[PDB]
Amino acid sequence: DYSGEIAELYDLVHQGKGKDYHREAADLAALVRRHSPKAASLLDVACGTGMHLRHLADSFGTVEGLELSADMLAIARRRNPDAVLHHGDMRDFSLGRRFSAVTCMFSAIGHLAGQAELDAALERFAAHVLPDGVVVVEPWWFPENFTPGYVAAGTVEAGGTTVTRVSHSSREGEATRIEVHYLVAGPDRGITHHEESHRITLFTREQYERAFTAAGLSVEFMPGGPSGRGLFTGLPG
């Protein structure tokens, strides 16, 4: 879940971590146009708080989003008041139109539980992409590149609020268990503590490739990517 204070802190936490959604969006837009020169529309699946979408809207005449968390989607709609942002589930949704690109960024795909859900999501992405368009999926880490025991800590301040965030990652079967704690402080607020836990699936490279292929997409992996985890692209046909 991405509800409540988690959702409210998300953008500030990733700004403090230095995530550059503007540069990621410009790179994404150029990648789409590389494959589809007259591309004019984009669907961002698991769009979160709509940071990519806000920048992509400066580049594509139609951008839409899909998000399962109502609290994340509320922030996305406020950020993107002129865009249609849909509530729904990447495993099983139907918008009744296709787009030049279908994107799923920042390892959101790792919230799927196993091969059947991964295959289902990829088939939905293929069902929403145009024939000269592109499906873009930023994976979670592969098992061979996952670092168990990893601790990340950072602090950011904005508007009078100080937020400290610490994460810890461990191996739990075929998933990463990530525990995240926050201290949120301010002159009137005092200090409040928050915590959450995620299980993010460690799909192998071959499992992603299998899901793309079963959806009718030809698949390519590029290492590095916006987060060090690489990027998969898929073209219909």
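Heads up: residue numbers just count along the shown sequence, starting at 1.
S.K.: Quick one: say whether 219 to 227 or 11 to 19 has the higher mean Cα B-factor in the deposited entry.
M.R.: Mean CA B-factor is higher for 219 to 227.
S.K.: For the C-alpha atoms alone, is the average B factor greater in 103 to 111 or in 142 to 150, going by the entry?
M.R.: Going by the record's values, the stretch with the higher mean is 142 to 150.
S.K.: From the list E64, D188, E206, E179, select the residue with the highest C-alpha B factor recorded in the entry.
M.R.: Among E64, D188, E206, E179, the highest C-alpha B-factor in the entry belongs to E206.
S.K.: When you compare the CA B-factors of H168, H193, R199, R34 as listed in the entry, which one comes out on top?
M.R.: The C-alpha B-factor peaks, among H168, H193, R199, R34, at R34.
S.K.: When the modelled residues of the chain are sorted by Cα temperature factor, does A83 land in the lowest, middle or highest third?
M.R.: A83: CA B-factor falls in the highest third of its chain.
S.K.: Once the chain's modelled residues are ordered by C-alpha B factor and cut into thirds, is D89 in the lowest, middle or highest one?
M.R.: For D89, whose C-alpha B-factor we compare with every modelled residue in the chain, the answer is the lowest third.
S.K.: Among the modelled residues of this chain, does the Cα B factor of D44 put it in the lowest, middle or highest third?
M.R.: Lowest third, going by the recorded CA B-factors of the chain.
S.K.: Which third, lowest, middle or highest, does the CA B-factor of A26 fall in along this chain?
M.R.: For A26, the deposited C-alpha B-factor lands in the highest third.
S.K.: Sorting the chain's CA B-factors, does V184 end up in the lowest, middle or highest third?
M.R.: Within its chain, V184 is a lowest-third residue by C-alpha B-factor, going by the deposited values.
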